[PDB]
Amino acid sequence: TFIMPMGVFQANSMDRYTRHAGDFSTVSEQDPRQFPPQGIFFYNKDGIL
Amino acid sequence: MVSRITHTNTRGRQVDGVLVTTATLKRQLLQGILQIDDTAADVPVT
Amino acid sequence: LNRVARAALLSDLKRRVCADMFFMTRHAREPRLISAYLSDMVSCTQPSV
Amino acid sequence: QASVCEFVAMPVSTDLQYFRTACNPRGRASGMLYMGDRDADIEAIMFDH
């Protein structure tokens, strides 16, 4: 057994934290990069997701 | 515990153990780690 | 061998040919690996009469 | 010797992360390597949609 979770978006609002910068948001003015997670691009044997 | 069939190295000495299978790790730390020496042998044929 | 065994006996063929392609000019700086697959090459063909 | 480059049409909103390995230009891989139980399996692999 290894066991893979796949659905939520935490309704946090506790643990804001971080590692990267102002290098970054997406292209224009306002800053929502707040996507939580939808389902999964994943690989296979030897080259291929 | 006693010594009838228990091998040695080559000047007086009894043994205790085993293992079993095939191909890629034992002769796989020669292209990596171990050593080599010499030219003798002995053990009963009864 | 069955569908899986055939299947990536096949696919390991794919990886190996993608990796061990130009071993003498890729891994030229490691003399150790050269003798590491040469002994494999000689000890992979069956002898004759 | 100059080597010709052939173009194949494909949708704009195509997976882009599909092209950073040994992929297949047809977009759906095929090949004779693909059987084990029946004989008329090469046609349905390559064309059955």
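Residues numbered from 1 in each chain as written, not as in the entry; some residues may be left out. Chains lettered and ligands numbered in written order. Part of a larger assembly, values for the part shown. Heavy atoms only, no water. Residues with missing side-chain atoms left out of burial classes, pairs and counts.

In the PDB archive, cryo-EM is given as the structure determination method for this entry, at a resolution of 3.1 Å.

Undergrad: What am I meant to see in the overall build of chain D here?
TA: The number of helices and strands found in chain D is one helix and zero strands. When the backbone C-alpha atoms are referred to their principal axes, chain D occupies close to 40 × 35 × 20 Å. (Helix = DSSP H or I, 4+ residues; strand = E, 2+ residues; numbered from the N terminus.)

Undergrad: Quick question: what am I supposed to make of the overall build of chain B here?
TA: Regarding its fold elements, chain B presents zero helices and zero strands. Over its C-alpha atoms, taken along the principal directions, chain B stretches across nearly 35 × 25 × 20 Å.

Undergrad: I tried to follow the pattern of salt bridges on my own but got confused; where do I start?
TA: Opposite charge on two side chains lets them pair, provided their charged atoms get close. All told, the structure shown has five salt bridges over all chains when counted by the stated rule. Among the charged side chains, a salt-bridge network with shared partners connects A:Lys45, A:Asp46, C:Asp12 and C:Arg15. (Salt bridge = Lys/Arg side-chain N within 4 Å of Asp/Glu carboxyl O.)

Undergrad: What's the story with the packing of aromatic side chains in this structure? I'm lost.
TA: Two aromatic rings, taken as a pair, are described by how far apart their centres are and by the angle between their planes. Residues and elements named next belong to chain D. Scanning the model with the defined rule gives two aromatic pairs over all chains in all. Both rings, one in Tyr18 and one in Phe19, keep their centres 4.7 Å apart while their planes meet at 90°; by these two values the pair is edge-to-face. Above the face of the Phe47 ring, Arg26 is positioned so that its terminal group lies 5.6 Å from the ring centre. (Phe/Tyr/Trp six-rings, centres within 6.5 Å; stacked < 30°, edge-to-face > 60°. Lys NZ or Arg CZ within 6 Å of the ring centre and 35° of its normal.)

Undergrad: Any chance you could explain the state of the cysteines here in plain terms?
TA: Put plainly, a disulfide is one covalent bond tying together the sulfur atoms of two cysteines. For the coordinates displayed, the defined rule picks out zero disulfides over all chains. C:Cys18 provides the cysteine sulfur closest to C:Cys44, a residue in no disulfide bond, and the two sulfurs are 20 Å apart. On the basis of relative accessible area, C:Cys44 is assigned to the exposed category, the value being 58%. Of all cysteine sulfurs, the one in D:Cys23 lies closest to D:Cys5, which takes part in no disulfide; the gap is 15 Å. Taking relative accessible area as the criterion, D:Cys5 reaches 65% and is therefore assigned exposed. (Disulfide = S-S within 2.5 Å. Buried < 20%, exposed > 50% of the residue type's maximum accessible area, 1.4 Å probe, protein only.)

Undergrad: Honestly, the side chain of C:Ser11 in this entry has me stumped. Any pointers?
TA: Position of C:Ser11 relative to the elements: it lies in helix α1 (residues 3-19). Take C:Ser11: its relative accessible area is 9%, and that puts it in the buried class.

Undergrad: Honestly, the arrangement of the chains in this entry has me stumped. Any pointers?
TA: Separated without contact, chain A and chain B have their nearest C-alpha atoms at a distance of 23 Å. Over all C-alpha pairs, chain B and chain D never come within contact, reaching a minimum spacing of 28 Å. (Contact = heavy atoms within 4.5 Å.)

Undergrad: Which parts of the structure should I look at to understand helix α3 (residues 31-42) of chain C?
TA: Residues that lie three or four places apart on an α-helix share one face, since the helix turns once every 3.6 residues. Residue and element names in this part refer to chain C. Taking 1.5 Å per residue as the helical rise, α3 with its twelve residues ought to reach 16 Å, and the 17 Å between its terminal C-alpha atoms agrees with that figure. For α3, the set of buried residues is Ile34, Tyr37 and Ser39. Those residues of α3 hidden inside the fold are in contact with α2 (23-26). (Expected span 1.5 Å × (residues − 1).)

Undergrad: Would you take a moment to explain the environment of A:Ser25 for this structure?
TA: Residue class for A:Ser25 comes out partly exposed when judged on its relative accessible area of 32%. With residues up to four places along the chain from it excluded, the contact list for A:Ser25 reads A:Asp31 and A:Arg33.

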